[PDB]
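J.: Starting off with a structure, shown below.
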Amino acid sequence: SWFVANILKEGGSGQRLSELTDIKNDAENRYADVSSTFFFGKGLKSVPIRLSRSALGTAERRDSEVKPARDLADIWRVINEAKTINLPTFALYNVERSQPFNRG
Amino acid sequence: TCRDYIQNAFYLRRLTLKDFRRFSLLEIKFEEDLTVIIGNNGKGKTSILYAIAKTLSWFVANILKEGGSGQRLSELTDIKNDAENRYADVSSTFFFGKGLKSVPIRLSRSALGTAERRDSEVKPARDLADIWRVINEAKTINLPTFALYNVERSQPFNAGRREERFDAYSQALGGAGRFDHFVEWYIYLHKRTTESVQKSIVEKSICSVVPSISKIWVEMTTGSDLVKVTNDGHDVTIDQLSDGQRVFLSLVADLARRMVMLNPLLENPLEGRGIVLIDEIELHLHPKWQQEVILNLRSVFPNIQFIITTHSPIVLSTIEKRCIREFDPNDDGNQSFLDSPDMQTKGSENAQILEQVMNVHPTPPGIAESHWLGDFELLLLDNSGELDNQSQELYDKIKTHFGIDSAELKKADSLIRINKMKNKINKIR
RNA sequence: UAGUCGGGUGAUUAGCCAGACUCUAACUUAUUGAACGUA
DNA sequence: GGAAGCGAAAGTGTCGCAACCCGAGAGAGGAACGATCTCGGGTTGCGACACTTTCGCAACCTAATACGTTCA
């Protein structure tokens with residue numbers, strides 16, 4: 001979601017873990033950390049990200065390291081503006097895609 | 001400080017719109033008292049009032065809540081579809097007293113996929129609104145009364161969310177006023193009876209601004225409390241009033257209630273400051289009411305700014321030409337300014353205003369008889385200022401159609417007399 | 001197969017030789033600070 | 001640590017829209033007085049949004065230094 005937000009607009013904002021339903025209840029840290037690393041070739045062989053969130057009520061935030069995502073998405077967006085390029089597709093099809101066919 | 005020099009005018013000065021809703025670049029100056037926009041039926045003028053309402057929403061958001069983020073522009077509608085810039089800016093300057101004579105604001109919005117996040121610059125307006133909020137919290141201070149009233153106010157007609165101060169800003173912008181909230185608030189005031197003076201102020205307000213209405217009260221019948229007025233001497237309910245009568249009553253009563261809650265420390269809470277936008281002040285009104293709407297509005301609200309659109313010559317006949325802002329009929333060639341009419345309008349003939357300011361002839365051209373009188377003139381001048389068969393027939397037609405006392409017939413008689421005297425003196429000279 | 005280590009040619013590329021493969025590289029930060037040089 | 005502005009995440013409130021009731025009302029169809037069918041106000045339910053709130057991203061760097069590399 002941060003890739004998507006920062007290709008939509010520089011300085012954008014992406015989705016965030018929850019301080020009510022995303023941190024293990026038995027945990028002693030009282031914060032969750034989704035670290036990740038992407039790859040985009042020899043140039044950017046490692047694109048780290050870390051979506052971290054502390055537990056509601058604990059007086060210790062946990063910053064998120066999305067800056068490399070900001071940087072790579074900045075490249076995508078700026079280069080697309082200057083000249084047209086092909087952007088990366090991001091999708092999530094969970095169980096919610098089952099819904100009645102009700103009738104930007 | 002005298003409440004931080006607040007209790008000094010408080011109004012809007014300028015509005016720039018760049019690549020925003022067909023406005024390639026349009027700068028508008030606004031008068032401290034009253035500005036009126038004409039030329040369009042309310043397409044670009046609605047855009048102007050909508051932009052001003054978006055700007056005022058930030059003042060409201062920050063006076064209500066600390067850090068409040070008022071309404072933002074929309075990436076989907078509030079950006080000119082054809083703009084190499086690919087962003088839209090709505091800049092606006094304000095003037096608040098001798099100190100802080102220029103409070104700027106910009107609401108910016110860039111399309112999706114642009115390198116720089118073209119961003120609103122609302123810091124100074126937020127700072128002023130925070131000054132308002134803080135000094136009010138420390139000590140009570142009368143606050144601005146922003147409002148908007150579009151054609152949506154023509155709509156048919158909880159103590160916590162109607163009696164508590166700062167409810168005056170709830171849905172204050174966005175269009176149609178909350179007249180149902182006013183009805184409930186007025187019934188609550190009547191139940192309570194400071195509330196007394198507020199009731200009296202609202203009563204006098206809508207009794208004086210609205211010609212038909214002459215009194216207002218509520219009957220406390222057990223099980224149903226009704227709001228009643230004396231419309232043309234008839235004791236009726238609000239549901240009985242005509243469309244124009246009740247629509248204007250709702251406008252004025254919503255505004256007055258907002259000002260009464262916002263301006264508790266004024267001796268006349270109707271003289272508090274604000275910026276009220278009113279699309280089509282002439283809605284559902286008849287010429288006689290048109291000829292007094294603005295006089296009454298300015299009388300009951302001595303110190304307040306009105307940005308009101310209009311398309312009625314009778315309305316303009318009561319407003320100085322400086323206050324008027326003309327859209328050109330060829331606005332497709334986007335223009336950067338709105339020039340005042342060359343002709344003076346205040347105190348002028350409604351017919352002259354209609355003919356020149358709006359380019360509408362005093363008599364319709366679809367009616368053949370409408371041209372008759374004028375034709376007669378030419379015909380008289382064709383035959384050396386003397387009658388012939390054609391002019392005599394035209395005179396007979398005018399006399400038959402318009403009547404014997406007809407102003408047209410009197411003017412035809414004057415024309416023939418003047419031309420005959422012309423010929424007689426030419427012979428004598 | 002793939003990645004990887006990096007001996008020469010050619011000139012951060014290309015390209016010829018070797019090789020090895022715990023599920024499993026991703027080359028970093030300057031003026032501090034070590035270490036290299038240089039003066 | 002965090003400005004300025006913006007948006008995510010979450011929670012609460014608004015408010016159409018529907019469902020349903022409860023009198024009226026012209027008058028079956030033939031037996032008087034009027035079944036049914038409607039016209040309305042009006043109350044309650046009910047969920048889709050609309051607004052309110054908090055969190056959190058990360059600008060900035062009176063006090064350095066100024067041969068070239070490497071490395072935290």
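In the structure tokens, chains take letters A, B, ... by order of appearance, with residues numbered from 1 within each chain and ligands from 1 in the order shown.
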If we count only C-alpha atoms (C1' of nucleotides), what is near segment 122-128 of chain B at a cut-off of 7 Å, once residues fewer than 5 positions away on the same chain are taken out, given as a ChimeraX atom specification?
T.: /B:59,62,103-106
J.: Just to be explicit: take each residue in the selection above, keep N, CA and C atoms, and write the result as an mmCIF file, in the first residue's frame.
T.:
```cif
data_model
loop_
_atom_site.group_PDB
_atom_site.id
_atom_site.type_symbol
_atom_site.label_atom_id
_atom_site.label_comp_id
_atom_site.auth_asym_id
_atom_site.auth_seq_id
_atom_site.Cartn_x
_atom_site.Cartn_y
_atom_site.Cartn_z
ATOM 1 N N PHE B 59 -11.172 28.007 8.210
ATOM 2 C CA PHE B 59 -11.371 28.865 9.371
ATOM 3 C C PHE B 59 -12.308 28.198 10.365
ATOM 4 N N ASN B 62 -10.650 25.134 12.140
ATOM 5 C CA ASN B 62 -9.624 25.456 13.124
ATOM 6 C C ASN B 62 -10.177 26.240 14.307
ATOM 7 N N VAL B 103 -4.035 38.122 5.427
ATOM 8 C CA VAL B 103 -3.963 36.726 5.844
ATOM 9 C C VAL B 103 -4.176 35.883 4.593
ATOM 10 N N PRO B 104 -3.139 35.278 4.028
ATOM 11 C CA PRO B 104 -3.316 34.515 2.790
ATOM 12 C C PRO B 104 -3.761 33.085 3.065
ATOM 13 N N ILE B 105 -4.211 32.435 1.993
ATOM 14 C CA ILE B 105 -4.537 31.017 2.020
ATOM 15 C C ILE B 105 -4.418 30.496 0.603
ATOM 16 N N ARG B 106 -4.045 29.228 0.477
ATOM 17 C CA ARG B 106 -4.135 28.529 -0.794
ATOM 18 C C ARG B 106 -4.644 27.122 -0.535
#
```
J.: Near residue 19 of chain D, counting only C-alpha atoms (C1' of nucleotides), which residues have an atom at most 12 Å away, once you skip same-chain residues fewer than 6 positions from it, shown as a PyMOL selection string?
T.: chain D and resi 43-46
J.: Got time to write the residues from that selection, N, CA and C atoms (P, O5', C5', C4', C3', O3' and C1' of nucleotides), as an mmCIF file, in the first residue's frame?
T.:
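File produced: out_26.cif:
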```cif
data_model
loop_
_atom_site.group_PDB
_atom_site.id
_atom_site.type_symbol
_atom_site.label_atom_id
_atom_site.label_comp_id
_atom_site.auth_asym_id
_atom_site.auth_seq_id
_atom_site.Cartn_x
_atom_site.Cartn_y
_atom_site.Cartn_z
ATOM 1 P P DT D 43 -45.470 11.234 15.061
ATOM 2 O "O5'" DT D 43 -44.853 9.843 15.551
ATOM 3 C "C5'" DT D 43 -45.706 8.823 16.051
ATOM 4 C "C4'" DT D 43 -45.136 7.452 15.751
ATOM 5 C "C3'" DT D 43 -43.666 7.274 16.140
ATOM 6 O "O3'" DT D 43 -43.543 6.315 17.181
ATOM 7 C "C1'" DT D 43 -44.118 6.412 13.946
ATOM 8 P P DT D 44 -42.174 6.191 18.013
ATOM 9 O "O5'" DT D 44 -41.416 4.973 17.311
ATOM 10 C "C5'" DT D 44 -42.080 3.729 17.142
ATOM 11 C "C4'" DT D 44 -41.368 2.870 16.114
ATOM 12 C "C3'" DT D 44 -39.860 2.714 16.341
ATOM 13 O "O3'" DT D 44 -39.533 1.356 16.618
ATOM 14 C "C1'" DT D 44 -40.368 3.187 14.050
ATOM 15 P P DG D 45 -38.002 0.923 16.851
ATOM 16 O "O5'" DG D 45 -37.541 0.361 15.426
ATOM 17 C "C5'" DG D 45 -38.282 -0.677 14.805
ATOM 18 C "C4'" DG D 45 -37.660 -1.088 13.480
ATOM 19 C "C3'" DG D 45 -36.173 -1.413 13.531
ATOM 20 O "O3'" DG D 45 -35.871 -2.431 12.573
ATOM 21 C "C1'" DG D 45 -36.480 0.393 12.093
ATOM 22 P P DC D 46 -34.419 -3.113 12.491
ATOM 23 O "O5'" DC D 46 -34.239 -3.404 10.931
ATOM 24 C "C5'" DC D 46 -34.519 -2.373 9.988
ATOM 25 C "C4'" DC D 46 -33.249 -1.835 9.353
ATOM 26 C "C3'" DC D 46 -31.959 -2.078 10.142
ATOM 27 O "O3'" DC D 46 -30.928 -2.449 9.270
ATOM 28 C "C1'" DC D 46 -32.185 0.218 9.726
#
```
J.: Compile the residues of chain A that lie within 8 Å of chain B, evaluated using only C-alpha atoms, and express the compilation as a PyMOL selection string.
T.: chain A and resi 7-11+74+77-78+81+104
J.: Could the residues of chain A within 12 Å of chain D, counting only C-alpha atoms (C1' of nucleotides), be given as a PyMOL selection string, please?
T.: chain A and resi 1-2+5-6+9-21+51-54+56+61-67+70
J.: Give the answer as one residue: which of C:20, C:25, C:39, C:30 has the shortest atom-to-atom distance to chain A, using only C-alpha atoms (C1' of nucleotides)?
T.: C:25
J.: Have a look at A:23, A:40, A:30, A:4 and name the one nearest to chain C; count only C-alpha atoms (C1' of nucleotides).
T.: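 Answer, going by the shortest atom-to-atom distance: A:40.
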J.: Quick one: residues within 7 Å of residue 46 of chain A, only C-alpha atoms (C1' of nucleotides), excluding same-chain residues fewer than 2 positions away - as a list in words?
T.: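 The residues that qualify are residues 37, 38, 39, 44 and 48 of chain A; 26 of chain C.
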J.: May I have the selected residues written with C-alpha atoms (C1' of nucleotides), as a PDB file, in the first residue's frame?
T.:
```
ATOM      1  CA  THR A  37      12.554  -6.823   1.367  1.00  0.00           C
ATOM      2  CA  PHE A  38      11.779  -6.463  -2.329  1.00  0.00           C
ATOM      3  CA  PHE A  39      14.039  -6.758  -5.360  1.00  0.00           C
ATOM      4  CA  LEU A  44      18.106  -1.994  -6.556  1.00  0.00           C
ATOM      5  CA  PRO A  48      13.691  -2.875   2.534  1.00  0.00           C
TER       6      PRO A  48
ATOM      7  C1'   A C  26      21.555  -7.343   0.270  1.00  0.00           C
TER       8        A C  26
END
```
J.: Any idea what's packed within 12 Å of residue 14 of chain D, counting only C-alpha atoms (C1' of nucleotides), ignoring anything in its chain fewer than 2 positions away? Could you give it as a PDB file with N, CA and C atoms (P, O5', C5', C4', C3', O3' and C1' of nucleotides), in the first residue's frame?
T.:
```pdb
ATOM      1  P    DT D  12     -18.249   4.397  19.688  1.00  0.00           P
ATOM      2  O5'  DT D  12     -19.132   5.630  19.187  1.00  0.00           O
ATOM      3  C5'  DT D  12     -18.681   6.957  19.405  1.00  0.00           C
ATOM      4  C4'  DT D  12     -19.502   7.942  18.600  1.00  0.00           C
ATOM      5  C3'  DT D  12     -21.017   7.770  18.734  1.00  0.00           C
ATOM      6  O3'  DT D  12     -21.629   9.025  19.008  1.00  0.00           O
ATOM      7  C1'  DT D  12     -20.393   7.752  16.447  1.00  0.00           C
ATOM      8  P    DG D  16     -32.566  13.712   4.554  1.00  0.00           P
ATOM      9  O5'  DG D  16     -32.760  13.066   3.108  1.00  0.00           O
ATOM     10  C5'  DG D  16     -33.728  12.050   2.914  1.00  0.00           C
ATOM     11  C4'  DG D  16     -33.118  10.837   2.240  1.00  0.00           C
ATOM     12  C3'  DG D  16     -34.118   9.922   1.564  1.00  0.00           C
ATOM     13  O3'  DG D  16     -33.541   9.283   0.434  1.00  0.00           O
ATOM     14  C1'  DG D  16     -33.205   8.842   3.492  1.00  0.00           C
ATOM     15  P    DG D  47     -29.792  -3.473   9.741  1.00  0.00           P
ATOM     16  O5'  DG D  47     -28.642  -3.239   8.660  1.00  0.00           O
ATOM     17  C5'  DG D  47     -28.992  -3.150   7.284  1.00  0.00           C
ATOM     18  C4'  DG D  47     -28.633  -1.791   6.702  1.00  0.00           C
ATOM     19  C3'  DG D  47     -27.130  -1.503   6.617  1.00  0.00           C
ATOM     20  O3'  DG D  47     -26.783  -1.114   5.302  1.00  0.00           O
ATOM     21  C1'  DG D  47     -28.257   0.320   7.594  1.00  0.00           C
ATOM     22  P    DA D  48     -25.311  -1.395   4.731  1.00  0.00           P
ATOM     23  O5'  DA D  48     -25.019  -0.117   3.818  1.00  0.00           O
ATOM     24  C5'  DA D  48     -25.998   0.323   2.887  1.00  0.00           C
ATOM     25  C4'  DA D  48     -25.849   1.804   2.600  1.00  0.00           C
ATOM     26  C3'  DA D  48     -24.427   2.255   2.302  1.00  0.00           C
ATOM     27  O3'  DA D  48     -24.424   3.235   1.276  1.00  0.00           O
ATOM     28  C1'  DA D  48     -25.215   3.374   4.243  1.00  0.00           C
ATOM     29  P    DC D  49     -23.098   3.496   0.413  1.00  0.00           P
ATOM     30  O5'  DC D  49     -22.145   4.289   1.425  1.00  0.00           O
ATOM     31  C5'  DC D  49     -21.774   5.634   1.158  1.00  0.00           C
ATOM     32  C4'  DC D  49     -22.413   6.587   2.153  1.00  0.00           C
ATOM     33  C3'  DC D  49     -21.505   7.738   2.599  1.00  0.00           C
ATOM     34  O3'  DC D  49     -22.012   9.000   2.171  1.00  0.00           O
ATOM     35  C1'  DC D  49     -22.654   6.752   4.447  1.00  0.00           C
ATOM     36  P    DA D  50     -21.063  10.295   2.225  1.00  0.00           P
ATOM     37  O5'  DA D  50     -21.971  11.433   2.894  1.00  0.00           O
ATOM     38  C5'  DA D  50     -22.710  11.155   4.078  1.00  0.00           C
ATOM     39  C4'  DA D  50     -22.400  12.150   5.189  1.00  0.00           C
ATOM     40  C3'  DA D  50     -21.131  12.969   5.009  1.00  0.00           C
ATOM     41  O3'  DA D  50     -21.282  14.251   5.604  1.00  0.00           O
ATOM     42  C1'  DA D  50     -20.860  11.483   6.852  1.00  0.00           C
ATOM     43  P    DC D  51     -20.101  15.334   5.525  1.00  0.00           P
ATOM     44  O5'  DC D  51     -19.570  15.422   7.030  1.00  0.00           O
ATOM     45  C5'  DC D  51     -20.461  15.819   8.064  1.00  0.00           C
ATOM     46  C4'  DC D  51     -20.006  15.297   9.415  1.00  0.00           C
ATOM     47  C3'  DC D  51     -18.716  15.927   9.956  1.00  0.00           C
ATOM     48  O3'  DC D  51     -18.929  16.433  11.270  1.00  0.00           O
ATOM     49  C1'  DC D  51     -18.599  13.566  10.074  1.00  0.00           C
TER      50       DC D  51
END
```
J.: Based on the backbone DSSP call, show me all residues of chain A assigned strand (DSSP E or B), as a list in words.
T.: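 In chain A, DSSP puts these residues in strand (DSSP E or B): residues 9, 31, 32, 33, 34, 35, 36, 37, 38, 47, 48, 49, 50, 51, 52, 53, 54 and 65 of chain A.
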J.: For the residues selected in the previous step, produce a file with N, CA and C atoms as a PDB file, in the first residue's frame.
T.:
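Dumped everything to part_28.pdb:
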```pdb
ATOM      1  N   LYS A   9       1.151   9.740  -5.346  1.00  0.00           N
ATOM      2  CA  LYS A   9       1.549  11.093  -4.998  1.00  0.00           C
ATOM      3  C   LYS A   9       2.765  11.027  -4.089  1.00  0.00           C
ATOM      4  N   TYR A  31       4.190  -4.865  20.382  1.00  0.00           N
ATOM      5  CA  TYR A  31       4.245  -4.210  19.084  1.00  0.00           C
ATOM      6  C   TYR A  31       4.552  -5.259  18.029  1.00  0.00           C
ATOM      7  N   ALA A  32       4.061  -5.017  16.821  1.00  0.00           N
ATOM      8  CA  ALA A  32       4.234  -5.925  15.700  1.00  0.00           C
ATOM      9  C   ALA A  32       5.085  -5.262  14.629  1.00  0.00           C
ATOM     10  N   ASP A  33       5.863  -6.078  13.922  1.00  0.00           N
ATOM     11  CA  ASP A  33       6.808  -5.574  12.931  1.00  0.00           C
ATOM     12  C   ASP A  33       6.752  -6.485  11.713  1.00  0.00           C
ATOM     13  N   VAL A  34       6.198  -5.985  10.617  1.00  0.00           N
ATOM     14  CA  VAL A  34       6.217  -6.681   9.337  1.00  0.00           C
ATOM     15  C   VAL A  34       7.396  -6.095   8.574  1.00  0.00           C
ATOM     16  N   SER A  35       8.556  -6.725   8.713  1.00  0.00           N
ATOM     17  CA  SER A  35       9.695  -6.370   7.887  1.00  0.00           C
ATOM     18  C   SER A  35       9.579  -7.078   6.548  1.00  0.00           C
ATOM     19  N   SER A  36      10.126  -6.457   5.514  1.00  0.00           N
ATOM     20  CA  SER A  36      10.054  -7.046   4.189  1.00  0.00           C
ATOM     21  C   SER A  36      11.207  -6.512   3.363  1.00  0.00           C
ATOM     22  N   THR A  37      11.537  -7.250   2.312  1.00  0.00           N
ATOM     23  CA  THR A  37      12.554  -6.823   1.367  1.00  0.00           C
ATOM     24  C   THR A  37      12.119  -7.237  -0.023  1.00  0.00           C
ATOM     25  N   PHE A  38      12.088  -6.261  -0.925  1.00  0.00           N
ATOM     26  CA  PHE A  38      11.779  -6.463  -2.329  1.00  0.00           C
ATOM     27  C   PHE A  38      13.059  -6.412  -3.152  1.00  0.00           C
ATOM     28  N   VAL A  47      15.297  -3.664  -1.580  1.00  0.00           N
ATOM     29  CA  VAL A  47      14.430  -2.551  -1.206  1.00  0.00           C
ATOM     30  C   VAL A  47      13.764  -2.920   0.114  1.00  0.00           C
ATOM     31  N   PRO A  48      14.322  -2.530   1.256  1.00  0.00           N
ATOM     32  CA  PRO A  48      13.691  -2.875   2.534  1.00  0.00           C
ATOM     33  C   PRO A  48      12.471  -2.019   2.829  1.00  0.00           C
ATOM     34  N   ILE A  49      11.557  -2.596   3.611  1.00  0.00           N
ATOM     35  CA  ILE A  49      10.416  -1.884   4.175  1.00  0.00           C
ATOM     36  C   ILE A  49      10.151  -2.487   5.543  1.00  0.00           C
ATOM     37  N   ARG A  50       9.504  -1.718   6.412  1.00  0.00           N
ATOM     38  CA  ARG A  50       9.134  -2.243   7.723  1.00  0.00           C
ATOM     39  C   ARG A  50       7.871  -1.522   8.179  1.00  0.00           C
ATOM     40  N   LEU A  51       6.737  -2.208   8.077  1.00  0.00           N
ATOM     41  CA  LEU A  51       5.477  -1.711   8.614  1.00  0.00           C
ATOM     42  C   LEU A  51       5.387  -2.155  10.066  1.00  0.00           C
ATOM     43  N   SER A  52       5.602  -1.230  10.987  1.00  0.00           N
ATOM     44  CA  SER A  52       5.593  -1.550  12.402  1.00  0.00           C
ATOM     45  C   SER A  52       4.505  -0.748  13.096  1.00  0.00           C
ATOM     46  N   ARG A  53       3.918  -1.341  14.129  1.00  0.00           N
ATOM     47  CA  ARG A  53       2.865  -0.667  14.874  1.00  0.00           C
ATOM     48  C   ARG A  53       2.882  -1.148  16.313  1.00  0.00           C
ATOM     49  N   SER A  54       2.811  -0.208  17.245  1.00  0.00           N
ATOM     50  CA  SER A  54       2.758  -0.529  18.659  1.00  0.00           C
ATOM     51  C   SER A  54       1.320  -0.819  19.079  1.00  0.00           C
ATOM     52  N   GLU A  65       9.649   2.022   8.613  1.00  0.00           N
ATOM     53  CA  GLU A  65      10.703   2.339   7.653  1.00  0.00           C
ATOM     54  C   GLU A  65      10.163   2.089   6.250  1.00  0.00           C
TER      55      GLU A  65
END
```
J.: Counting only C-alpha atoms (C1' of nucleotides), give me one row per residue of chain B with an atom at most 12 Å from an atom of chain D, showing the shortest contact pair and its distance in Å to one decimal, sorted by chain then residue number, as JSON lines.
T.:
```
{"residue": "B:61", "atom": "CA", "partner": "D:52", "partner_atom": "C1'", "distance": 11.1}
{"residue": "B:64", "atom": "CA", "partner": "D:52", "partner_atom": "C1'", "distance": 11.3}
{"residue": "B:65", "atom": "CA", "partner": "D:52", "partner_atom": "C1'", "distance": 9.8}
{"residue": "B:66", "atom": "CA", "partner": "D:53", "partner_atom": "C1'", "distance": 11.2}
{"residue": "B:67", "atom": "CA", "partner": "D:5", "partner_atom": "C1'", "distance": 10.4}
{"residue": "B:68", "atom": "CA", "partner": "D:53", "partner_atom": "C1'", "distance": 10.0}
{"residue": "B:69", "atom": "CA", "partner": "D:5", "partner_atom": "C1'", "distance": 8.7}
{"residue": "B:70", "atom": "CA", "partner": "D:5", "partner_atom": "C1'", "distance": 11.4}
{"residue": "B:71", "atom": "CA", "partner": "D:51", "partner_atom": "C1'", "distance": 11.5}
{"residue": "B:72", "atom": "CA", "partner": "D:6", "partner_atom": "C1'", "distance": 9.8}
{"residue": "B:107", "atom": "CA", "partner": "D:5", "partner_atom": "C1'", "distance": 11.0}
{"residue": "B:108", "atom": "CA", "partner": "D:5", "partner_atom": "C1'", "distance": 11.0}
{"residue": "B:109", "atom": "CA", "partner": "D:6", "partner_atom": "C1'", "distance": 11.4}
{"residue": "B:117", "atom": "CA", "partner": "D:6", "partner_atom": "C1'", "distance": 10.2}
{"residue": "B:118", "atom": "CA", "partner": "D:5", "partner_atom": "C1'", "distance": 10.6}
{"residue": "B:119", "atom": "CA", "partner": "D:5", "partner_atom": "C1'", "distance": 7.3}
{"residue": "B:120", "atom": "CA", "partner": "D:5", "partner_atom": "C1'", "distance": 7.4}
{"residue": "B:121", "atom": "CA", "partner": "D:5", "partner_atom": "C1'", "distance": 8.2}
{"residue": "B:122", "atom": "CA", "partner": "D:5", "partner_atom": "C1'", "distance": 8.5}
{"residue": "B:123", "atom": "CA", "partner": "D:4", "partner_atom": "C1'", "distance": 7.6}
{"residue": "B:124", "atom": "CA", "partner": "D:4", "partner_atom": "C1'", "distance": 11.3}
{"residue": "B:126", "atom": "CA", "partner": "D:4", "partner_atom": "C1'", "distance": 10.9}
{"residue": "B:158", "atom": "CA", "partner": "D:13", "partner_atom": "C1'", "distance": 11.9}
{"residue": "B:161", "atom": "CA", "partner": "D:13", "partner_atom": "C1'", "distance": 10.9}
{"residue": "B:170", "atom": "CA", "partner": "D:51", "partner_atom": "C1'", "distance": 10.5}
{"residue": "B:171", "atom": "CA", "partner": "D:51", "partner_atom": "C1'", "distance": 10.6}
```
